[PDB]
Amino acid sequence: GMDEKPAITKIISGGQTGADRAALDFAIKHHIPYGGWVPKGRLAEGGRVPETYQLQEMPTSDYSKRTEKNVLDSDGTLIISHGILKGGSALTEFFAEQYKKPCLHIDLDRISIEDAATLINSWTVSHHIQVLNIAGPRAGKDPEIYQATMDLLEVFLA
């Protein structure tokens, strides 16, 4: 029923700039537990993911392998973009599809943040998603994705 709320016990991401980084900053701001797999060496656009973020390194520096691991080590994956998925974000969706993990792609060129938050609520509650992987483009590909992600999560969980 509508009395039930999402039970997000943990947010994870791959530490990249953009959507991944907003997810972690949001979790920290709202004292939601967080984590995530990053490449060996904590590699990211813009340099080593800052040490203040408690994250786990993969055995190799490969981006694709850490994206795959975050899909596998969560209850579902939320992908946030402006426009159709490309690159790492499209790969995220492919991995979720291949491993039968719940996956919701919010395209913030097609839906408002308020309406998207409603969709995320319905999806998380109906699929009992508690450990949520959040993915999307790096900041160098979309200068608006970090703040859009923050703003979306605020409507969803704040």
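Note that residue numbering begins at 1 and tracks the sequence as displayed.
- Look at the mean CA B-factor for 49 to 57 and for 109 to 117 in the entry; the higher one is 49 to 57.
- The deposited CA B-factor of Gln98 belongs to the highest third of values across its chain.
- Sort the modelled residues of the chain by CA B factor and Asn133 lands in the lowest third.
- For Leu85, the recorded CA B-factor ranks within the highest third of the chain. Only modelled residues enter the ranking.
- In this PDB entry, the Cα temperature factor of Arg66 sits in the middle third of its chain's modelled residues.
- Sort the modelled residues of the chain by CA B factor and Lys10 lands in the middle third.
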